[PDB]
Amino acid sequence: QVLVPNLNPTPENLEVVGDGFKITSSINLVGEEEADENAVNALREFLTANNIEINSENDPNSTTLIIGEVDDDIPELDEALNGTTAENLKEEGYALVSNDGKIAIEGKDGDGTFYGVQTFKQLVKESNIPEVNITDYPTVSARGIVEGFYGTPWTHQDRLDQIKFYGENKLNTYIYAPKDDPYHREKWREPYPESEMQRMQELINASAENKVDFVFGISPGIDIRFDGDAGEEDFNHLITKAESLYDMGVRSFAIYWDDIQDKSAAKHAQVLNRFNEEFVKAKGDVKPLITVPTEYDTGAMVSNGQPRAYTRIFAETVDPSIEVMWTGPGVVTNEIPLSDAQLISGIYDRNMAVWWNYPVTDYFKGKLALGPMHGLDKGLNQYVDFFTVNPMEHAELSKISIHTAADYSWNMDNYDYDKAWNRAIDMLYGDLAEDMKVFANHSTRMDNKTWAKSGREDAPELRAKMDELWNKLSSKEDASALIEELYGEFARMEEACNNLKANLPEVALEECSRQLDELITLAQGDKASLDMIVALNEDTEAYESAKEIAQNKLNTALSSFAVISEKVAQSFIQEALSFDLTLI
């Protein structure tokens, strides 16, 4: 009576200054004429979807909804806001106040109005709203996804659905750069045939409608020629390419030099500098060029606190107005500490862009990455102004991690990874949220066992409980209470997974059915591992029997393509098998 609903992102400023109130079958619409075009179509769609009519003219008594910019200049808006303004905020900023009856939305620019609507959309529940005073704006100005992974590229529907999802969580950047789109890279010189072109146009259109900058990436580095007529012919292919995507409405571009053998720092930068001049600037309404250098992680870029040969020359040749992306201290790493970003930003003498390789799983596909942004410094905004994550080829399940990235990048300072993660699953899964948390909590840590690792540890509280069990048994202390609690945990893993199998929407189930079965198998080996232990009671029969099962469950898990809970549910079984409790 009446609480604020989960919001994503977390708005900069929000306080309850009322009990909230129901919105009528019919509201008062004021401002649609002036307000941002896209912010309004998003309103009408929400309004439609929710059995909420727009008054052909006033009252009664209707709930009063008022919307527009600050340029735009309306009377009801100001009285409505009644103290609050979006006049002194960054681009994409807005204000929202729901005053008993009244609902006021003004953004600084069209962008912020649209976002103000998104926050409205999330605030209303049943027609009920809370009374609140909101001023909101992003920490980082560019926030989004780079579809840059290896593997089957997102389908065309996948992409439209992501692009909508991005609008609703205030992410504003989508970089188009699938490694295995032949035309992005393997055949970069070549024009998209007619029907990809048709499909490409809808991406673009859909993106503008959701205030998403659609960025067109190209990766010519495997075979591009730099010198003489060969270089002219090739640089022209780049133009031809960008032009066609310009002539479709694209006003951002990226040119990527990652994962190639040719380390011609000077030549790469010169291609970029040429494009900045001949395309970007000659066009006037194209956003800054974005690039990744062939050295794109601190280990590859730096030695002894100083740039390496390639990075040094790249840094000094490439135009200041160009956004350079780096991945952090490693290609797939635990963290980006402030000190890493300071270092990299120093070398390029600019605010940097991040290409963050999580939740992407192309380098270890058996595992789904279902955790929150983790390990990224909460003061990164000091040196970084462009933050994107590289997602899984699994579009739907990627949403959980992307959800958290939206809150990290929009409200960096207050970002809490555990709360963000919970919110994300709550917001995305509804009645299934609790069961989905159980499962996903075991699938957050990525680790290919060699060079690639990132993410929150899997099921950390269970892992500490397993640790305590071993400490009490090696000490020869009574552990029956804990043993009993772990039975409940393992039983609850299997219960949740079964509920997920039978009730998940198909769009999500098809991405995780194998991993669901993997956690069920381990939960059963976990349970059999406990029996193995209780069998303490010098019962050799029950011991051999629970042992062959624990061992079979483990072996099934080890053999299976799906990977989950390596250091927790799976490891517990190997820990239990090696705990020799038969000694006298």
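Residue positions are given as counts along the sequence shown, with the first one as 1.
- Counting the deposited residues that fall between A535 and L536 and carry no coordinates gives a value of 1 to 3.
- Across the two stretches, 227-235 and 344-352, the PDB entry reports the greater mean Cα temperature factor for 227-235.
- Looking at mean Cα B-factors across 197-205 and 294-302, the upper value is held by 197-205.
- Of the candidates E495, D73, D258, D447, it is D73 whose Cα B-factor is highest according to the PDB record.
- Looking only at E518, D36, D531, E548, the residue with the top Cα B factor in the deposited structure is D36.
- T556: CA B factor in the lowest third of modelled residues in this chain (values from the PDB entry).
- Split the chain's modelled residues into thirds by C-alpha temperature factor. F279 is in the highest one.
- When the modelled residues of the chain are ordered by their C-alpha B factor, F253 lands in the middle third.
- In the PDB entry, a CA B factor belonging to the highest third of its chain's modelled residues is recorded for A479.
- Sort the chain's modelled residues by C-alpha temperature factor and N55 lands in the highest third, per the entry.
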